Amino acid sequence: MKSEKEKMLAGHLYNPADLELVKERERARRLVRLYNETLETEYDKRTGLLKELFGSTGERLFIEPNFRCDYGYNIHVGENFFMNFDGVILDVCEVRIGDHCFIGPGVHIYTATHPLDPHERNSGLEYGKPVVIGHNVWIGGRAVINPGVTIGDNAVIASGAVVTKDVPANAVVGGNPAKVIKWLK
């Protein structure tokens, strides 16, 4: 019989008050606290903390504080990852990001969600849907990436865009709900 963690990772309904999940969120918040307190010149300390926090990385990555996440271990980024100030990644399920990603400030990436149904939501059970972002993606500042979304290679998300569905490779999308506004290839 599946644990709440197994249920969470599998995209099934789970209880976030589970003791194992609580311990793991406290661990993520501890590492995030240490991260957000580092000085602007402590690059090596920052790299080390991020490689410890995330599930996987490439050689190089840089994130401006403040940063926020749920678990840490569900975040997998490619080479030369960059995220500007005040980002939030709710990584209840996997968040997999490709190489040479540029993410602007105040960007929120969500895998966490609730049942829409009033009665179901009030159970207090939640679930997640993974987010996949390809290579050479630019996510404009203040964008919102919703659970279950896949963004294709070379795509561009306009600043302030609320992305509610998959974004094709080589597309620029913007607005809310975001839609294709330009093709690059």
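Start at 1 with the first residue shown and count on from there.
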{"property": "Stretch with the higher entry mean CA B-factor, where the candidates are 134 to 142 and 119 to 127", "result": "119 to 127"}
{"property": "Mean temperature factor over C-alpha atoms, higher-scoring stretch between 55 to 63 and 150 to 158", "result": "55 to 63"}
{"property": "Chain thirds of CA B-factor: placement of residue 11", "result": "middle"}
{"property": "CA B-factor placement of residue 113, once the chain's modelled residues are sorted into thirds", "result": "middle"}
{"property": "Modelled-residue ranking by C-alpha temperature factor, third containing residue 17", "result": "highest"}
{"property": "Modelled-residue ranking by C-alpha temperature factor, third containing residue 182", "result": "middle"}
